[PDB]
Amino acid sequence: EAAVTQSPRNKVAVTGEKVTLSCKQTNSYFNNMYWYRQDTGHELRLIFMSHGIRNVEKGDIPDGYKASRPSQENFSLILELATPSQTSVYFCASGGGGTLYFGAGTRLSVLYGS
């Protein structure tokens, strides 16, 4: 059965640190993948989407993020210079002419410097 594995599941980083979240399809070869972040027990907000390899599409909340789809199975979310404000739980999803498959979530804490 088709699934999605995010990595890591929990991360802490310093302001200014480069952070990369991974998302890997298992037992599927789907064209669409998605990166959302969830605010505080509420709605998922889309940062980026991808309609396939070598495609990234802006979502509602793309500022301060980048992303990358170098192959079907893999859609990564890049925080170039992490901000405390990017502290959140992040969710990956793959999607396939009907269904969606969601990852377990990555809790990311971005702390302040000295």
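Note that residue numbering begins at 1 and tracks the sequence as displayed.
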task = Determine, from the deposited record, the chain-internal third of the Cα B-factor for residue 61: lowest, middle or highest.
result = middle
inquiry  = Is residue 99 in the lowest, middle or highest third of its chain when residues are ranked by C-alpha B-factor?
reply    = highest
remark   = For residue 81, the third of its chain by CA B-factor is the highest
ask   = According to the PDB entry, is the CA B factor of residue 42 in the bottom, middle or top third of its chain, that is, lowest, middle or highest?
value = highest
inquiry  = Split into thirds by Cα B-factor across the chain's modelled residues, where does residue 106 land: lowest, middle or highest?
reply    = middle
